[PDB]
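**Student:** If you scroll down you'll find the structure; I have some questions about it.
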RNA sequence: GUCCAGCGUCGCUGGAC
Ligand SMILES: Nc1ncnc2c1ncn2[C@@H]1O[C@H](COP(=O)(O)OP(=O)(O)OP(=O)(O)O)[C@@H](O)[C@H]1O
């Protein structure tokens, strides 16, 4: 279960800390990259809802 | 034997000898170059976009590497610098292997003589690059052209770069010790300027017998490129004046004449090779194809387990789209084969790779996700939805309507048949068939909802198509979507409420209350009614059946509130009750969710006991009906062809009743003894019977669980005036399922659940609408007794027959007030013809 | 043979005894 706190000790805006919920999706992408090396290799991340999505790459 | 791996990256570079799919055609060419020089000598492989040209060229070159000819490394004209001449590149490639064989010589004497001789030629050619890249002549080089040389004593004066390069190839053959050297060019399929320099160089320079050139591409680009270049020669000023039809067609032929002559002169006809597509390699299932290909669907899968590509795509199409094993599913796989081979695996590889990790199932969404990415560029051409997180149920209803509008066909469009002439519409047709089957996934009566909005919203618009001039098409097709509210809706009956105004905007030519699945019940007391007919009063309706009667009402505000009895409201309501079951509270809400509050306005395109528990007796039955609904309907697999076919039977069936009961409205029909008598409770009885009829024939024909149909081998007709057509289909179904020891709930699930619907029970047998029919009373008794087995309740109690078959009594599951109701325009001049 | 039923703009077709 993804335990999420709201009243953080520092109380950041929106309480976004790291791998908020995309953790399952990130692990799927990372594993594919590792398995890829073991010849095009370009992936893609589609623009969703107009989100900035720059925070995903970082 | 050509095995292929769907777990490898499938890149052109990694293609080995085992996985190569063009073994036969490559051999035909490998043993064709050698036979040429042994006794313009330019070859041309040809294939469509995404046919595997690059992975085929590399096979020929590799094979020739292992009487003797040396092959240069392949050149791709697109990746080269924009301003680098082709001749410069070839010389550098040739110099690499020439200046690598010299270091292989062992004799010191036979090193410096040839190397210096070769070195002179390069310096000789390096001074000739002035002519290739220049914009104007210069007299400073005139004296250089008029020069005598001791090298070969050039017969032709001047520079003449053609002859300078010619002897360079002759020298290179001596050093490399080979009869001829092949120059191989790659495709220009992404550019239209790399091709022109390739075409011009071949025409002028590569003419000697020591060179063989193997181009690559497709004639459509090359043909389009040359014709554009030929128009450039015409003087620009000439093309504004003299623009007459006779003059324009005169030069139009001449350019096309120079188009074919130049192209044929460059690439000879007797050397072009067309690369076979996926179809010719495999061939038809019954026909013979001169290859055999098997695929992989598992890592380390044994080659014996490998299966033919037809089954590798047939199983995906059959299971993914939920179609029967038949000709309908054969059209999809056949069309899907006639696609670029690049796209074929990316659909095929993606679908199976997800399936492996799915198990670690909703198979249609696996194909839906896989096919959406592949056929994504064709989607934009028809303007479909692009958001992935909004693959909603109602989103599809908008997509089908706009697709059939673009397809320019309303009679067949809802079938989603890939028969569109345009190739773009063929691609999106299969995708829509995947969307429809994905959303159902054994949907809890959403199929019933999706049947109405998905297909009914299309064919109802045919009414305006009949009598309807280009500006008006987008004028109506847009706001009709807005008024009827497809793509945005709250309930199925909400759509059916707006349908009544659409139906009643233009009536039948005889101005009668019968319409396409519509019956009008008068509310204003007409004066001096002949016979026993009375005004339709809302109160006399009995209990436990008023709720069914309550749903069948649809008031339309069109300058006069008129109630319309509609099967659409009946079937539209069934979506509401069967939506979700958590409590027995909203089950009774839908019975009056559309009454006393839902008002419908004229369409813009007009242009002209305590009684608080009487309902609860039926509620427990409807609650128990949802128990069977929420136990079997999960296990069904609705298709994308039933919805296109159930409506087609239903639409024609209703249209037959509309023009069959017009002139047959007359007195002495208040009891409905015999046929040829049209009462309101019988006209509505046909429409509800038509809905129960189209579902039976289509479910038996097309489904997933029903692998083989269960119906007689005879004519298929629709009951329009009688009931015998329906019962005989039940009879032939009866023994056939029992003969195979197959129950109705599993072999025919879609019909089973809706038959035992408490809403539709009190409309199958109207008390005065049922024909007495002493001859045909055998039919209805046999018609009803068969239903006593499909539904195990048998709630008839055998006493409610007597009142309705003998021509007071207490009725619960039968309406006893529609017979006396009247219909607008029902003149009563004539009476029953003698029989 | 007569009847029921069905499709077409009366003509045509289906079923039973
Ligand atoms: N023999 C083959 N076996 C497996 N896959 C193949 C084969 N030939 C072609 N393909 C598929 O075609 C894709 C593209 O191959 P290739 O680049 O040769 O085709 P093309 O698009 O017609 O060529 P080009 O790159 O010159 O435009 C490969 O990634 C692979 O999926």
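Protein chains in written order, with our numbering: chain A, 1 to 58; chain B, 1 to 835.
Even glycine gets a Cβ: it sits at the ideal position worked out from N, Cα and C.
(1) If you run the structure through DSSP and keep just helix, strand and coil, what is residue 397/B?
(2) From residue 837/B to residue 595/B, what does the alpha carbon distance come to, in whole angstroms?
(3) Does the beta carbon of residue 9/B come closer than 8 Å to any beta carbon on chain A?
(4) For the pair the stretch 731-751 of chain B and the stretch 625-639 of chain B, tell me if three or more CB-CB distances fall below 8 Å.
(5) Tell me the rounded alpha-carbon separation between residue 48/A and residue 27/A.
(6) When Cβ atoms are compared, which residues of the stretch 26-44 of chain A fall closer than 7 Å to chain B?
(7) Nearest-angstrom Cα distance between residue 453/B and residue 37/A?
(8) Which residues in chain A sit within 9 Å of residue 13/B, going by Cβ to Cβ distance?
(9) Any heavy atom of ligand 1 within a distance shorter than 7 Å of the CB on residue 341/B?
(10) Using a Cβ cut-off of 8 Å, pull out every chain A residue sitting near residue 389/B, in sequence order please.
(11) List in chain order: all unbroken beta strand (DSSP E) runs of 3+ residues lying wholly within the stretch 8-59 of chain B.
(12) Can residue 10/B be considered in contact with ligand 1, in the sense that its beta carbon sits closer than 7 Å to one or more heavy atoms?
(13) Go through the stretch 579-631 of chain B residue by residue and report every complete run of the alpha helix (DSSP H) that reaches 4 residues or more, in order.
(14) As a quick exercise: from 144/B, 532/B and 273/B, pick the residue whose alpha carbon is nearest that of residue 30/B.
(15) Between residue 44/B and residue 205/B, what straight-line distance do the alpha-carbon atoms span, to the nearest angstrom?
(16) Kindly list the residues whose CB is nearer than 8 Å to the CB of residue 697/B, restricted to its own chain and excluding five residues on each side of it in sequence; keep chain order.
(17) Could you tell me the distance, in whole angstroms, from the CA atom of residue 742/B to the CA atom of residue 731/B?
(18) When you compare the stretch 187-200 of chain B with the stretch 159-177 of chain B, are there three or more beta-carbon pairs, one atom per stretch, that lie closer than 8 Å?
(19) Within the continuous beta strand (DSSP E) that includes residue 518/B, where are the two ends?
(20) DSSP state of residue 563/B, grouped into three classes?
(21) In three-state DSSP terms, what is residue 74/B?
(22) Judging by CA-CA distance, which residue of 85/B, 680/B and 571/B is the nearest neighbour of residue 670/B?
(23) Are the beta-carbon atoms belonging to residue 541/B and residue 817/B less than 8 Å from one another?
(24) Distance check for residue 88/B and residue 233/B, CA to CA, integer angstroms please.
(25) Any idea if residue 249/B is buried or exposed, counting beta-carbon neighbours within 10 angstroms, 16 or more meaning buried?
(26) Between residue 723/B and residue 520/B, is the Cβ-Cβ spacing less than 8 Å?
(27) Determine the closest residue to residue 194/B out of 346/B, 409/B, 10/B and 82/B, with distance taken between C-alpha atoms.
(28) Going by C-alpha to C-alpha distance, which of 788/B, 57/B, 608/B and 811/B sits closest to residue 799/B?
(29) With 16 other CB atoms within 10 Å as the buried threshold, where does residue 774/B fall?
(30) For residue 874/B, which residues of its own chain have a beta-carbon under 7 Å away from its beta-carbon, when the five flanking residues on both sides are left out?
(31) Would you mind working out which of 627/B, 215/B, 581/B and 538/B sits nearest residue 551/B, comparing C-alpha positions?
(32) Sorted by chain position, which residues of the same chain lie with C-beta nearer than 7 Å to residue 367/B's C-beta, five sequence neighbours on each side aside?
(33) Assess contact between the stretch 69-81 of chain B and the stretch 134-141 of chain B, defined as three or more Cβ pairs (one per stretch) separated by less than 8 Å. Is contact present?
(34) With a threshold of 7 Å, establish whether the CB of residue 373/B neighbours any heavy atom of ligand 1.
**Tutor:** To lay it out plainly:
(1) Three-state DSSP puts residue 397/B in a helix.
(2) Outside the shown range of chain B (1 to 835) lies residue 837/B, about which nothing can therefore be said.
(3) Residue contact check for residue 9/B against chain A: a CB pair falls below 8 Å.
(4) Remark: three or more beta-carbon pairs, one from each stretch, lie closer than 8 Å, so the stretch 731-751 of chain B and the stretch 625-639 of chain B are flagged as touching.
(5) Between residue 48/A and residue 27/A, the C-alpha separation is close to 19 Å.
(6) Residues 39 and 40.
(7) About 49 Å.
(8) Those within 9 Å of residue 13/B in chain A are 39.
(9) Residue 341/B: yes, Cβ under 7 Å from ligand 1.
(10) Those within 8 Å of residue 389/B in chain A are 48 and 49.
(11) Complete beta strand (DSSP E) runs here, min 3: 42-46.
(12) Judged by the Cβ position, residue 10/B qualifies as a neighbour of ligand 1 at the 7 Å threshold, a heavy atom of the ligand being closer than this.
(13) DSSP runs (the alpha helix (DSSP H)) wholly in the stretch 579-631 of chain B: 589-592.
(14) Of the candidates 144/B, 532/B and 273/B, the one whose C-alpha sits nearest the C-alpha of residue 30/B is 273/B.
(15) Looking at the two C-alpha atoms, the distance is approximately 17 Å.
(16) Apart from the 5 residues on each side of it in sequence, residue 697/B sits with its Cβ closer than 8 Å to the Cβ of 649, 711, 716 and 729 in its chain, given in chain order.
(17) Those two C-alpha atoms are separated by around 15 Å.
(18) With a cut-off of 8 Å on Cβ pairs, the stretch 187-200 of chain B is not in contact with the stretch 159-177 of chain B, counting fewer than three such pairs.
(19) Start and end: 518-521.
(20) For residue 563/B, the three-state secondary structure derived from DSSP is strand.
(21) DSSP places residue 74/B in coil when its eight states are reduced to three.
(22) Looking at the Cα atoms, 680/B is the closest of the given residues.
(23) By the CB criterion at 8 Å, residue 541/B and residue 817/B fall inside the cutoff.
(24) Between residue 233/B and residue 88/B, the C-alpha separation is close to 27 Å.
(25) Burial is judged here by how many other beta carbons sit within 10 angstroms of a residue's own beta carbon; residue 249/B has fewer than 16 and is exposed.
(26) Result no, Cβ atoms of residue 723/B and residue 520/B do not sit closer than 8 Å.
(27) If we check each option's Cα against that of residue 194/B, 82/B comes out closest.
(28) Ranked by Cα distance from residue 799/B, the options 788/B, 57/B, 608/B and 811/B are led by 811/B.
(29) Per the 10 Å Cβ criterion, exposed.
(30) Any question about residue 874/B goes unanswered here, given that chain B covers just 1 to 835.
(31) Closest option to residue 551/B, Cα to Cα, is 538/B.
(32) 316, 320, 351 and 434.
(33) Between the stretch 69-81 of chain B and the stretch 134-141 of chain B there are fewer than three inter-stretch CB-CB distances shorter than 8 Å, so the stretches are not counted as touching.
(34) The closest heavy atom of ligand 1 lies 7 Å or more from the beta carbon of residue 373/B.
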